[PDB]
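Shown next: coords.json, containing JSON, C-alpha atoms and all ligand atoms.
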[["chain", "number", "residue", "atom", "x", "y", "z"],
["U", 1, "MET", "CA", -141.69, 32.07, -13.58],
["U", 2, "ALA", "CA", -139.84, 33.52, -16.57],
["U", 3, "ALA", "CA", -140.27, 30.92, -19.31],
["U", 4, "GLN", "CA", -143.08, 30.64, -21.84],
["U", 5, "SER", "CA", -143.07, 29.06, -25.30],
["U", 6, "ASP", "CA", -145.21, 31.69, -27.02],
["U", 7, "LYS", "CA", -145.76, 30.93, -30.70],
["U", 8, "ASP", "CA", -147.89, 33.34, -32.75],
["U", 9, "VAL", "CA", -147.96, 35.23, -36.06],
["U", 10, "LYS", "CA", -148.71, 38.94, -36.41],
["U", 11, "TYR", "CA", -149.38, 40.21, -39.93],
["U", 12, "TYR", "CA", -147.62, 43.54, -40.33],
["U", 13, "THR", "CA", -147.89, 46.04, -43.15],
["U", 14, "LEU", "CA", -144.99, 47.06, -45.39],
["U", 15, "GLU", "CA", -145.11, 50.68, -44.19],
["U", 16, "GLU", "CA", -144.99, 49.47, -40.58],
["U", 17, "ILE", "CA", -141.95, 47.19, -40.80],
["U", 18, "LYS", "CA", -139.86, 49.55, -42.95],
["U", 19, "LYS", "CA", -140.37, 52.21, -40.28],
["U", 20, "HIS", "CA", -139.17, 50.15, -37.32],
["U", 21, "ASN", "CA", -135.72, 49.42, -38.74],
["U", 22, "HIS", "CA", -133.84, 51.71, -36.35],
["U", 23, "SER", "CA", -131.80, 49.95, -33.65],
["U", 24, "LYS", "CA", -133.84, 47.83, -31.22],
["U", 25, "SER", "CA", -136.57, 47.00, -33.74],
["U", 26, "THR", "CA", -134.42, 45.90, -36.67],
["U", 27, "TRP", "CA", -136.45, 43.31, -38.57],
["U", 28, "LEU", "CA", -135.62, 41.52, -41.81],
["U", 29, "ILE", "CA", -138.01, 39.92, -44.28],
["U", 30, "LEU", "CA", -137.31, 36.40, -45.47],
["U", 31, "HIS", "CA", -139.71, 34.34, -47.60],
["U", 32, "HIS", "CA", -142.15, 37.25, -47.20],
["U", 33, "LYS", "CA", -142.11, 36.62, -43.44],
["U", 34, "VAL", "CA", -141.02, 38.98, -40.65],
["U", 35, "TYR", "CA", -138.06, 37.82, -38.58],
["U", 36, "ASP", "CA", -136.84, 39.52, -35.41],
["U", 37, "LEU", "CA", -133.09, 39.50, -34.99],
["U", 38, "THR", "CA", -132.52, 43.03, -33.72],
["U", 39, "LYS", "CA", -130.72, 41.45, -30.76],
["U", 40, "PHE", "CA", -128.93, 38.90, -32.91],
["U", 41, "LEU", "CA", -127.26, 41.39, -35.27],
["U", 42, "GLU", "CA", -123.98, 41.24, -33.35],
["U", 43, "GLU", "CA", -124.44, 37.48, -32.97],
["U", 44, "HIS", "CA", -124.57, 37.01, -36.73],
["U", 45, "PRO", "CA", -121.32, 35.63, -38.23],
["U", 46, "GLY", "CA", -120.11, 38.06, -40.85],
["U", 47, "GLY", "CA", -121.27, 41.34, -39.38],
["U", 48, "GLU", "CA", -124.34, 43.52, -38.96],
["U", 49, "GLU", "CA", -123.60, 45.78, -41.94],
["U", 50, "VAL", "CA", -125.23, 43.27, -44.29],
["U", 51, "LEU", "CA", -128.25, 43.06, -41.98],
["U", 52, "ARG", "CA", -128.85, 46.78, -41.36],
["U", 53, "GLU", "CA", -128.81, 47.48, -45.10],
["U", 54, "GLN", "CA", -131.50, 44.83, -45.58],
["U", 55, "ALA", "CA", -133.47, 45.90, -42.53],
["U", 56, "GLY", "CA", -137.08, 46.66, -43.33],
["U", 57, "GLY", "CA", -136.96, 44.73, -46.58],
["U", 58, "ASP", "CA", -136.88, 41.25, -48.07],
["U", 59, "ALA", "CA", -133.42, 39.72, -48.28],
["U", 60, "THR", "CA", -134.47, 36.24, -49.38],
["U", 61, "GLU", "CA", -132.43, 36.82, -52.55],
["U", 62, "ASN", "CA", -129.27, 36.91, -50.43],
["U", 63, "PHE", "CA", -130.30, 34.11, -48.08],
["U", 64, "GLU", "CA", -130.33, 31.63, -50.96],
["U", 65, "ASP", "CA", -127.39, 33.37, -52.65],
["U", 66, "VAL", "CA", -125.05, 32.76, -49.75],
["U", 67, "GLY", "CA", -126.52, 29.40, -48.81],
["U", 68, "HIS", "CA", -127.34, 28.86, -45.16],
["U", 69, "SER", "CA", -126.81, 25.59, -43.32],
["U", 70, "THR", "CA", -129.75, 23.38, -42.36],
["U", 71, "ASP", "CA", -129.39, 24.20, -38.65],
["U", 72, "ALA", "CA", -128.96, 27.88, -39.53],
["U", 73, "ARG", "CA", -132.27, 28.13, -41.39],
["U", 74, "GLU", "CA", -133.96, 26.14, -38.61],
["U", 75, "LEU", "CA", -132.67, 28.65, -36.07],
["U", 76, "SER", "CA", -134.47, 31.52, -37.81],
["U", 77, "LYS", "CA", -137.73, 29.70, -37.06],
["U", 78, "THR", "CA", -137.38, 30.77, -33.42],
["U", 79, "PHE", "CA", -137.18, 34.43, -34.48],
["U", 80, "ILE", "CA", -140.47, 34.53, -36.40],
["U", 81, "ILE", "CA", -142.96, 37.07, -35.04],
["U", 82, "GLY", "CA", -145.23, 37.60, -38.01],
["U", 83, "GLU", "CA", -145.77, 37.82, -41.74],
["U", 84, "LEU", "CA", -146.35, 40.45, -44.42],
["U", 85, "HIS", "CA", -149.86, 41.65, -45.27],
["U", 86, "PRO", "CA", -151.58, 39.94, -48.26],
["U", 87, "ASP", "CA", -151.93, 43.38, -49.85],
["U", 88, "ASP", "CA", -148.15, 43.71, -49.73],
["U", 89, "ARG", "CA", -147.68, 40.16, -50.99],
["U", 90, "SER", "CA", -150.11, 39.16, -53.73],
["U", 91, "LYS", "CA", -151.34, 42.64, -54.67],
["U", 92, "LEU", "CA", -148.90, 45.56, -54.31],
["U", 93, "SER", "CA", -151.74, 47.91, -55.23],
["U", 94, "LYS", "CA", -150.90, 50.54, -52.63],
["U", 95, "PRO", "CA", -149.84, 54.13, -53.53],
["U", 96, "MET", "CA", -146.33, 54.96, -52.34],
["U", 97, "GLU", "CA", -146.33, 58.77, -52.59],
["U", 98, "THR", "CA", -142.86, 60.05, -51.68],
["U", 99, "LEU", "CA", -139.73, 61.92, -52.85],
["U", 100, "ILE", "CA", -141.70, 65.16, -53.07],
["U", 101, "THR", "CA", -139.33, 67.08, -50.81],
["U", 102, "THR", "CA", -136.05, 68.60, -52.00],
["U", 103, "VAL", "CA", -133.63, 67.94, -49.14],
["U", 104, "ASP", "CA", -130.63, 68.03, -51.47],
["E", 201, "LIG", "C1", -132.10, 37.50, -40.93],
["E", 201, "LIG", "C2", -131.90, 36.01, -40.67],
["E", 201, "LIG", "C3", -130.67, 35.37, -40.69],
["E", 201, "LIG", "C4", -130.24, 34.42, -39.82],
["E", 201, "LIG", "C5", -130.99, 33.86, -38.66],
["E", 201, "LIG", "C6", -128.91, 34.06, -40.23],
["E", 201, "LIG", "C7", -128.15, 33.11, -39.61],
["E", 201, "LIG", "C8", -126.88, 32.74, -39.99],
["E", 201, "LIG", "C9", -126.11, 31.73, -39.31],
["E", 201, "LIG", "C10", -126.49, 30.99, -38.07],
["E", 201, "LIG", "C11", -124.94, 31.63, -39.99],
["E", 201, "LIG", "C12", -123.84, 30.66, -39.71],
["E", 201, "LIG", "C13", -124.32, 29.21, -39.66],
["E", 201, "LIG", "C14", -123.78, 28.45, -40.86],
["E", 201, "LIG", "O1", -122.64, 27.95, -40.77],
["E", 201, "LIG", "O2", -124.49, 28.36, -41.88],
["E", 201, "LIG", "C15", -125.00, 32.59, -41.06],
["E", 201, "LIG", "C16", -123.97, 32.84, -41.94],
["E", 201, "LIG", "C17", -124.00, 33.79, -42.94],
["E", 201, "LIG", "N1", -125.07, 34.62, -43.21],
["E", 201, "LIG", "FE1", -126.81, 34.66, -42.30],
["E", 201, "LIG", "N2", -128.52, 34.77, -41.34],
["E", 201, "LIG", "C18", -129.60, 35.57, -41.63],
["E", 201, "LIG", "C19", -129.64, 36.49, -42.65],
["E", 201, "LIG", "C20", -128.62, 36.74, -43.52],
["E", 201, "LIG", "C21", -128.68, 37.73, -44.55],
["E", 201, "LIG", "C22", -129.86, 38.58, -44.90],
["E", 201, "LIG", "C23", -127.47, 37.73, -45.16],
["E", 201, "LIG", "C24", -127.06, 38.57, -46.18],
["E", 201, "LIG", "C25", -127.44, 40.05, -46.27],
["E", 201, "LIG", "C26", -126.68, 36.71, -44.50],
["E", 201, "LIG", "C27", -125.39, 36.39, -44.85],
["E", 201, "LIG", "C28", -124.63, 35.41, -44.25],
["E", 201, "LIG", "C29", -123.28, 35.08, -44.63],
["E", 201, "LIG", "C30", -122.47, 35.74, -45.71],
["E", 201, "LIG", "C31", -122.88, 34.06, -43.83],
["E", 201, "LIG", "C32", -121.56, 33.38, -43.85],
["E", 201, "LIG", "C33", -121.34, 32.54, -45.12],
["E", 201, "LIG", "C34", -119.99, 32.89, -45.74],
["E", 201, "LIG", "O3", -119.41, 33.93, -45.35],
["E", 201, "LIG", "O4", -119.51, 32.13, -46.60],
["E", 201, "LIG", "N3", -127.40, 36.11, -43.49],
["E", 201, "LIG", "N4", -126.20, 33.27, -41.06]]
For this file, write the structure as C-alpha cells.
Amino acid sequence: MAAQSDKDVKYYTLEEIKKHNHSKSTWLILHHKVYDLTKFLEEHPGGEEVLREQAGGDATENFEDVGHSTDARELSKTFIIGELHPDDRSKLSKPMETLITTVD
C-alpha cells in the first residue's frame, strides 16, 4: 500500500551534492557517504545551524569530534541514499575552476 523497504546506493558526484544543499535537498557527507536528513534537520538535537553549514560537504571530522551514541550512528544508516564518486574519493583529479567573477 504505502510501505516498502527500499535499500539502494546511488553514487553521486561532488559537484552534484554540493549543488543540492538548498532546503529540501540538504545532504551531508559522512564517511565519504551521502546521507539524507533534509527532513531531519529540525529533528536533530542541537539545531540545524551546524547541519546547514556542513551541507554539501563531509562533516565526519565533527561526527567523531562530538561523539555520537551507538543508537545514534545506527539511525543514520536508515538515511543513506548513496556514496561519493571514486574520482572524488581516491583521486581528486578534477579541475575546480571558480572565483573568476568579481561580485564584491
Ligand atoms: C548528518 C547525520 C547526523 C545524524 C543522523 C545525527 C544524529 C544525532 C542524534 C540522534 C543525536 C542525539 C543522540 C545521542 O544522544 O547521541 C545527535 C546529537 C548531536 N549531534 Fe548529531 N547527527 C548527525 C550529524 C551531526 C553533525 C554533522 C554534527 C556537527 C556539525 C552533529 C552534532 C551533534 C551534537 C553536538 C549533538 C549533541 C551532543 C552534545 O551537545 O554534547 N551531528 N546527533
- Message: Please report the interatomic distance between atom FE1 of ligand LIG 201 (chain E) and CA of residue 38 in chain U in Å with one decimal.
- Response: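 According to the coordinates, atom FE1 of ligand LIG 201 (chain E) and CA of residue 38 in chain U are separated by 13.3 Å.
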- Task: List all protein, DNA and RNA residues that have an atom no more than 9 Å from any atom of ligand LIG 201 (chain E), counting all atoms listed in the file, and report them as a PyMOL selection string.
- Result: chain U and resi 27-30+35-37+40-41+43-55+58-79
- Message: Using all atoms listed in the file, which protein or nucleic acid residues come within 9 Å of range 87-91 of chain U? Drop anything in the same chain fewer than 3 positions from it, and give the result as a ChimeraX atom specification.
- Response: /U:13-14,32,84,94
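The space between CA of residue 23 in chain U and CA of residue 39 in chain U spans 9.0 Å.
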- U:1, U:10, U:16, U:83: which is nearest residue 31 in chain U, counting all atoms listed in the file?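 The shortest atom-to-atom distance to residue 31 in chain U comes from U:83.
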- Gap from CA of residue 101 in chain U to CA of residue 57 in chain U - Å, one decimal: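 Computing it gives 22.9 Å between the two atoms.
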- Between U:102, U:85, U:95, U:25, smallest distance to residue 9 in chain U by only C-alpha atoms belongs to U:85
